[PDB]
Amino acid sequence: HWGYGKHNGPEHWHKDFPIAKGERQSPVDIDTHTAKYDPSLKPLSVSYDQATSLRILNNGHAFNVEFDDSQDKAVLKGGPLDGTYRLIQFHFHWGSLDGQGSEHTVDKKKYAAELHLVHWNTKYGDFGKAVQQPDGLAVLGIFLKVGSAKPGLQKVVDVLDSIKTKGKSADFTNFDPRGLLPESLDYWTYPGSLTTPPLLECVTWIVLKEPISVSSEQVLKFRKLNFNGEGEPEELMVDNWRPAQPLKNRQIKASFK
Ligand SMILES: [Zn+2]
């Protein structure tokens, strides 16, 4: 019964998931004055031309746009990564107000929302085995600010009414996730965790420096989603973000000077 409410939010998660107080928890604050350029990094390779989206699902915590991950169709490689990571889903975290909603922060700045493109390392055969490994996942994180509309997000926004409540899903084929990326692929990277229970420490984070802009109308439609199931009291799906966690014995590396 974890969530983001008044009595089950992030500060309670440790009771059922003790790794919430672990050594490699996410998100973190990205201090641009201490992150160091790493010349050993590569450019990222984002290969989404063959991506096959399937479905969108309201899981009661966010919504996931799900992909066919049974072949190397949409993969992330390069950067800090060894091997090939397949896109399984993306989702967002967002606020009730434009001044909060992101999970990572940059010099303590909160963005309006954050996009997570979740990928798993093909050497481990399936997602569920990957999350048991320190290098099982690679999550591409992208900040959202409110400004101009993002055209490539509109198809997502216009299906949200069909998945208002927990447990609803809808067909979601032929969505191109390239329409969610900013121009630059400059990034910060560090080792961390899933940001929801079970909070497993299996993630290579790759957080893009350049945010994307979404419109106030787009964000407002996200804020009409519900945490609750149909026929239950309405609880708006807002403020579904975990705050920054202690960096501990980690370094954040930058791909750019
Ligand atoms: Zn996430």
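Don't overthink the numbers, they just go from 1 along the chain as shown.
Looks like X-ray crystallography, 1.2 Å, at least that's what the header says.
Backbone N, Cα and C atoms are what each Cβ position is placed from, and that goes for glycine too.
In three-state terms derived from DSSP, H61 (active site, proton donor/acceptor) belongs to neither a helical nor a strand segment and is classed as coil. Per Swiss-Prot, the feature active site, proton donor/acceptor maps to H61; the stated evidence is a curator's inference.
Other Cβ atoms within 10 Å of the Cβ of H93 (Zn(2+) binding site), summed over all protein chains shown, number 26. Annotated Zn(2+) binding site per Swiss-Prot: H91, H93, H116, in sequence order.
When secondary structure is read from DSSP and collapsed to three states, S162 (phosphoserine) falls in the helix class. All protein chains considered, the CB of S162 (phosphoserine) has 13 other CB atoms within 10 Å. Per Swiss-Prot, phosphoserine is recorded for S162 (among others), and the stated evidence type is a large-scale study or a structure entry.
Taken from Swiss-Prot, the feature phosphoserine covers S169 (among others). Sequence-distant neighbours of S169 (phosphoserine) (same chain, 6+ residues apart, CB-CB distance under 8 A): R55, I56, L57, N58, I163.
Listed in sequence order, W2, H61, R242 are the same-chain residues six or more apart from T196 (substrate binding site) with CB atoms under 8 A from its CB. Under the heading substrate binding site, Swiss-Prot lists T195, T196.
Within the same chain, residues at least six positions away from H91 (Zn(2+) binding site) with a Cβ under 8 Å of its Cβ are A62, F63, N64, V65, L115, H116, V118. The Cβ neighbour count for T195 (substrate binding site), using a 10 Å radius and every protein chain shown, is 24. The recorded positions near ligand 1, defined by a Cβ under 6 Å from one of its atoms, are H116, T195, chosen from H61, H116, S169, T195. Taking the centroid of the Cβ atoms of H91, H93, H116 as the Zn(2+) site, the other same-chain residues with Cβ within 8 Å of it are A62, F90, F92, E103, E114, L115, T195. Highest local Cβ density among the recorded positions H61, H116 belongs to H116, counted as other Cβ atoms within 10 Å over all protein chains shown.
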